[PDB]
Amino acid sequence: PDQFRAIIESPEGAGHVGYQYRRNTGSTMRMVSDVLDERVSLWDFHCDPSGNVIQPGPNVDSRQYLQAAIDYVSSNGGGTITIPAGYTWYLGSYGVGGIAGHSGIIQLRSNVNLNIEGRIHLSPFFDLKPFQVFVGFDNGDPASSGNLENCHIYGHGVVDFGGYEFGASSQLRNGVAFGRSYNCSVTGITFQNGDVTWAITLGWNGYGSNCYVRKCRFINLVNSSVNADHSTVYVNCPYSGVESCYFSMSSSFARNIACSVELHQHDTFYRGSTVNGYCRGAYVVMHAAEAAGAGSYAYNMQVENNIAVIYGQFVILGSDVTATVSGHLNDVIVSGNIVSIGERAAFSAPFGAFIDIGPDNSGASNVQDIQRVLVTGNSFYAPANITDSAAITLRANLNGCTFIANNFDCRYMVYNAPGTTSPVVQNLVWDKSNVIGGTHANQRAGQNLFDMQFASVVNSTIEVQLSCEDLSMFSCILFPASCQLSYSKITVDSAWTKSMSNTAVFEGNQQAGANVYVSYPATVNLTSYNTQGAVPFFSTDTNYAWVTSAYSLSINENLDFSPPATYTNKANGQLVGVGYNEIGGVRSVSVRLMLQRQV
């Protein structure tokens, strides 16, 4: 019986105290230790070599204890380790083995979940150094890594990166790198107070599946000029995504460098999230260099129902090539998003845009294969002073993009800078249902609303519809002579255009092409013959050999005659129509006409 007291006070004591659930005689006859063994926390590994519990704190490195916990739970086939609430657990050294090649702190393991209720902080050992806090690779070479499966990080807790700046721009810093990750997720967690490259990365070069980031917060994760680049979540495996997250930055640097999400593989999504203070919303890109695990195509890409205040571009599309692989981007939907460029000076951050068709990382604009994109049902706003704002900046080759039923209220609709790239454009469709706002009315001196600074345009549709006047603009749409135009439809609705000197401008007279379908308003001077009765009127200019019909947009202030309501052309490039002289006499009028070709 001395034995007994001793057994009870020993670490095996709970293993000697019997228990049966709710006194139910049909329940298992267990011991207390069995029931306690159904859960596990960091406290069960956070101890010195004699087994005495160690209190966490800024002078204690909790890393080895958390790794021991993960290692042990993995050995039993998995479970969930709680990181207790009411404590801050500091990490103060690098991990060892396969994660050392990734500057890893903690190695995640398959089927071992982390329920983070307390706080995890980085100690100043990490100041000016690279780190990846949680790493799912098991090898320094990702190509030689095994997988991470069934690993979930969740809870009301916090990962705090200590505020430390990067030491050098070439360093990398990450929160969670799941690795070659299958059915992994982060839910509920706040990531805050750092200068990092990513908070979370999913997958590796297409290897992984079913990874998600849901109801997380990312707060103030760029803080220095050293930080080369930041994207909060990088989605690098298919069938994966980001939903219902919150992203906020306060740094000036973040306005120029930070992006919320990147979607880099097929069947990926970014939904229902709120962004503030970032340069960019999402990249949707197929990099050939990342094509190993899931193929060379990024398809079924979804960006929907987000709310954003950004300083650069909302969605950026891309694809590129390596020596032996070609990347393609297709079957994309961008819908339901409400986005604005935040208050800033013109040209003070990267050029503002809803959609950007961007060149590759080496600036090449002739490698892209981007098509079958639908942009529908979004709003975009930029304040009136922001000259550098567009619905699309089309800066690299485009094989198709469709715009239906958006509301764009910014400086430009379509833009590319002249004397830069000369993109080859196919299948650009701008439906009439896109509503062009008026915030930038009167700011457009010298500017074309649709500034078609391309090598060529084919199989494209631009149906311009104004909803207010802006007589400051040079034109609604302009094609330089260097842009070929063919098999396209270009129209300018007449509403709010009566007073415009130029509506559509074709500097190479490209509207004469055999398969160009156009219509736009123009002012035309006409003279008639002197005959009483039905009498022809003819334009004084001869630049209408391309016109198939025209009709009056002007009232007739005369009693004694009327000009033709409608006109055809003649071989010499005059317009001609049949009007009516009640009394004879040569007539001379200026009239606003709708000029039409093959429409």
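Heads up: residue numbers just count along the shown sequence, starting at 1.
For the pair 416 to 424 and 402 to 410, the record assigns the higher mean C-alpha temperature factor to 416 to 424. For the two regions 131 to 139 and 300 to 308, the entry's Cα B-factors average higher over 131 to 139. Of the candidates 336, 175, 293, 272, it is 293 whose Cα B-factor is highest according to the PDB record. Across 163, 342, 203, 437, the greatest Cα temperature factor reported in the deposited entry is at 163. Residue-level temperature factors show residue 593 in the lowest third of its chain, judged at the C-alpha atom.
Sorting the modelled residues of the chain by their CA temperature factor places residue 281 in the lowest third.
The entry lists a Cα temperature factor for residue 366 that places it in the highest third of the chain's modelled residues. Sort the modelled residues of the chain by CA B factor and residue 579 lands in the middle third. Among all modelled residues in its chain, residue 218 ranks in the lowest third by Cα B-factor.
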